[PDB]
Structure formats: C-alpha cells, structure tokens
Amino acid sequence: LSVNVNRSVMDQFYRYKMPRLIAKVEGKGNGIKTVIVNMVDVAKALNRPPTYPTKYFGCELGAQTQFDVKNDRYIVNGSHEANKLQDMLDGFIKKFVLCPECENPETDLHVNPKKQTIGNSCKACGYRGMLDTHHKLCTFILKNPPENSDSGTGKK
C-alpha cells in the first residue's frame with residue numbers, strides 16, 4: 001500500500017452510492033462513548049434520524065444515547081466499531097430473514113396496505129407467505145406501507 005488512505009473517499013461517484021454506517025470512538029462521557037457522524041447523513045439521505053431506536057441499540061452495549069441540538073451531533077454511550085454495529089443490528093434482521101424454509105436463499109417481502117400486514121416470499125421453494133413471525137423488526141418496517149392499485153404496472 002503506497003498510496004493515500006482514501007478512507008473518506010474511493011468510489012468513482014457516478015450515480016450509485018453506498019451510505020455505510022461510520023462509528024467513531026471518543027474519550028468523553030464515562031471514559032469512552034461512540035459518536036456516529038454518518039447516522040444522520042445515512043438516515044436523512046434515506047429517511048429520518050433513528051434517534052428513537054437509538055435507545056434499543058444502547059441497551060445491547062450497556063450504554064444509552066446522547067443528543068446535541070445546538071450541535072446536531074448524537075453520540076451513543078460505549079465505544080464500538082462500525083463493523084460491530086452491523087453485527088448487533090444484523091441479529092435483528094436474522095429474526096425474520098432466516099425463515100423456517102428459506103433461511104439461506106435471498107427472499108423478498110411484500111407488505112399489503114389492504115390487510116396491513118407484511119408478506120415474505122423466498123425464490124427457492126415458493127414459500128411466498130407472510131412476513132412477521134412475532135413482535136419483531138417486522139412491525140417497525142410494517143410502519144411503511146407501500147402504494148399500489150388494480151392497474152398501471154410501471155411508474156418507478
């Protein structure tokens with residue numbers, strides 16, 4: 001490796017982007033807190049800031065959260081690396097992705113606004129059924145009902 005770090009840049013930047021989660025460790029709070037400077041950028045670029053669900057994640061690291069309004073910077077007690085945040089958040093998705101029939105092949109999930117429920121289909125055995133199992137991340141996502149009708153296939 002005889003070039004620049006390119007840690008903050010490297011993609012060709014032409015049309016496709018990948019908002020990865022970046023975590024930074026600081027020496028403040030009880031002696032070590034995690035500060036996410038990309039949580040608002042990634043959340044704002046795809047939706048709102050997960051300041052509400054920030055408490056659940058803190059419960060896992062034994063730490064809670066911290067918010068700055070005059071600063072717009074939010075920190076979570078405890079120091080963790082970006083790769084670590086994916087492991088815990090990944091366990092949440094594991095609750096439904098690993099279905100008792102398609103816990104391997106990539107499956108899709110379709111939520112119907114008429115029945116107010118999430119469907120789950122796997123392209124490996126036809127599974128295609130319901131997505132929920134129990135009070136799990138399925139409800140958080142179910143809060144975003146899609147939009148469809150009886151005709152007009154095409155618009156995105």
# chains A, B, ... in the order shown; residues from 1 in each chain; ligands from 1
$ select_by_dssp --residues "stretch 36-144 of chain A" --states "strand (DSSP E or B)" --output "CSV table (one decimal) with N, CA and C atoms, in the first residue's frame"
chain,number,residue,atom,x,y,z
A,66,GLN,N,-26.9,9.9,23.5
A,66,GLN,CA,-26.6,11.4,23.8
A,66,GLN,C,-27.0,12.2,22.6
A,67,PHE,N,-27.7,13.3,22.9
A,67,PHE,CA,-28.1,14.2,21.7
A,67,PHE,C,-27.6,15.6,21.8
A,74,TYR,N,-25.2,13.4,17.5
A,74,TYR,CA,-25.7,12.5,18.5
A,74,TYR,C,-24.6,11.4,18.8
A,75,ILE,N,-24.4,11.1,20.1
A,75,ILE,CA,-23.4,10.1,20.5
A,75,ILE,C,-24.0,9.0,21.3
A,76,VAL,N,-23.5,7.8,21.2
A,76,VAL,CA,-24.1,6.7,22.0
A,76,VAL,C,-23.1,6.2,23.0
A,77,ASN,N,-23.5,6.1,24.3
A,77,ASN,CA,-22.5,5.7,25.3
A,77,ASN,C,-21.9,4.4,24.9
A,78,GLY,N,-20.6,4.2,25.3
A,78,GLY,CA,-19.9,2.9,24.9
A,78,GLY,C,-19.2,3.2,23.5
A,107,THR,N,-34.6,-13.9,0.0
A,107,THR,CA,-36.1,-13.9,-0.2
A,107,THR,C,-36.6,-12.4,-0.3
A,108,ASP,N,-37.8,-12.2,-0.7
A,108,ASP,CA,-38.4,-10.8,-0.8
A,108,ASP,C,-39.5,-10.7,0.2
A,109,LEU,N,-39.9,-9.5,0.5
A,109,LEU,CA,-41.0,-9.3,1.4
A,109,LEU,C,-42.0,-8.2,0.9
A,110,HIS,N,-43.3,-8.6,0.7
A,110,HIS,CA,-44.3,-7.6,0.2
A,110,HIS,C,-45.3,-7.3,1.2
A,111,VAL,N,-45.5,-6.1,1.6
A,111,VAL,CA,-46.5,-5.7,2.6
A,111,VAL,C,-47.8,-5.2,1.9
A,112,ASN,N,-48.9,-5.7,2.3
A,112,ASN,CA,-50.2,-5.3,1.7
A,112,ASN,C,-50.8,-4.2,2.6
A,117,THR,N,-50.5,-5.9,6.5
A,117,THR,CA,-49.5,-7.0,7.0
A,117,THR,C,-48.4,-7.1,6.1
A,118,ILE,N,-47.3,-7.7,6.5
A,118,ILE,CA,-46.1,-7.9,5.6
A,118,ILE,C,-46.0,-9.3,5.1
A,119,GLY,N,-45.8,-9.5,3.8
A,119,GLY,CA,-45.7,-10.9,3.3
A,119,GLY,C,-44.2,-11.2,3.1
A,120,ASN,N,-43.9,-12.5,3.0
A,120,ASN,CA,-42.5,-12.9,2.8
A,120,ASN,C,-42.4,-14.1,1.8
A,121,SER,N,-41.7,-13.9,0.8
A,121,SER,CA,-41.6,-15.0,-0.3
A,121,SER,C,-40.1,-15.3,-0.6
A,122,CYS,N,-39.8,-16.6,-0.7
A,122,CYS,CA,-38.4,-17.0,-1.0
A,122,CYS,C,-38.3,-17.5,-2.4
$ select_by_dssp --residues "chain A" --states "alpha helix (DSSP H)" --output "PyMOL selection string"
chain A and resi 39-46+54-60+82-97+137-142
$ closest_residue --among "A:35, A:3, A:46, A:130" --to "residue A:64" --atoms "only C-alpha atoms"
A:35
$ closest_residue --among "A:24, A:73, A:15, A:80" --to "residue A:60" --atoms "only C-alpha atoms"
A:80
$ residues_around --residues "stretch 132-140 of chain A" --least-positions-apart "6" --cutoff "7 Å" --atoms "only C-alpha atoms" --output "PyMOL selection string"
chain A and resi 92-93+96+118
$ write_last_selection --atoms "N, CA, C and O atoms" --output "PDB file, in the first residue's frame"
ATOM      1  N   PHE A  92     -30.915  -8.535  14.531  1.00  0.00           N
ATOM      2  CA  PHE A  92     -32.355  -8.168  14.455  1.00  0.00           C
ATOM      3  C   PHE A  92     -32.940  -8.660  13.130  1.00  0.00           C
ATOM      4  O   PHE A  92     -33.992  -9.266  13.091  1.00  0.00           O
ATOM      5  N   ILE A  93     -32.261  -8.409  12.043  1.00  0.00           N
ATOM      6  CA  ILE A  93     -32.777  -8.874  10.723  1.00  0.00           C
ATOM      7  C   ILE A  93     -32.794 -10.404  10.684  1.00  0.00           C
ATOM      8  O   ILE A  93     -33.657 -11.017  10.086  1.00  0.00           O
ATOM      9  N   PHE A  96     -36.118 -12.562  11.059  1.00  0.00           N
ATOM     10  CA  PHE A  96     -37.127 -12.918  10.014  1.00  0.00           C
ATOM     11  C   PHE A  96     -36.460 -13.459   8.743  1.00  0.00           C
ATOM     12  O   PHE A  96     -36.983 -14.344   8.095  1.00  0.00           O
ATOM     13  N   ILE A 118     -47.296  -7.737   6.512  1.00  0.00           N
ATOM     14  CA  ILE A 118     -46.107  -7.904   5.630  1.00  0.00           C
ATOM     15  C   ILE A 118     -46.034  -9.339   5.098  1.00  0.00           C
ATOM     16  O   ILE A 118     -46.218 -10.293   5.827  1.00  0.00           O
TER      17      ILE A 118
END
$ atom_distance --atom1 "atom CA of residue A:16" --atom2 "atom CA of residue A:42"
14.1 Å
$ closest_residue --among "A:82, A:142, A:53, A:17" --to "residue A:38" --atoms "only C-alpha atoms"
A:82
$ closest_residue --among "A:103, A:150, A:81, A:68" --to "residue A:34" --atoms "only C-alpha atoms"
A:81
$ closest_residue --among "A:154, A:102, A:39, A:91" --to "residue A:128" --atoms "only C-alpha atoms"
A:102
